[PDB]
Amino acid sequence: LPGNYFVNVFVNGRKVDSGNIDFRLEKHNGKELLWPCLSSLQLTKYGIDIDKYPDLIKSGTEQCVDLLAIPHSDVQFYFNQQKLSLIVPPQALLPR
């Protein structure tokens with residue numbers, strides 16, 4: 001069900017945060033899924049270089065970025081494990 005869930009966030013196999021994220025229904029090519037609203041600040045927090053993909057904001061907003069703008073990426077919410085997993089290419093990561 002849509003709403004706020006306390007989740008562990010992982011980027012490229014690394015746990016980078018734990019907290020409440022709002023998930024809403026989003027229809028992608030005839031399939032409904034729960035999709036996270038992530039801010040440009042939250043993406044930065046998770047180690048993603050938002051400046052290399054300006055379309056995160058331009059095709060979305062700063063409050064809720066367009067995650068489909070990062071090429072060759074996968075976003076998966078594992079509801080039972082309370083786990084949000086983001087897979088991004090190595091070049092999407094910050095110098096950290």
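Here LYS83 is the anchor, and the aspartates and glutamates within straight C-alpha reach of less than 12 Å, apart from those fewer than 8 places off in the same chain, are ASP17. Annotation: amide H of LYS83 within the under-5 Å range of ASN8, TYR78, sequence separation 5 or more or interchain, hydrogens built in the peptide plane. Under the rule of -39500 (n - 2.57) per DSSP H run of 4 or more residues, summed and divided by the residues of the chain, what mean residue ellipticity at 222 nm is obtained, to the nearest 500 deg cm²/dmol? So the calculated ellipticity at 222 nm is -2000 deg cm²/dmol.
In µm²/s, what is D for the chain at 25 °C and 0.890 mPa s, where D = kT/(6 pi eta Rh) by Stokes-Einstein and Rh is the Kirkwood radius from Cα pairs? Mind dumping the intermediate values first?
Working: Rh = 13.5 Å.
D = 182 µm²/s.
Bear in mind that the values in this text are calculations on the coordinates, not laboratory data.
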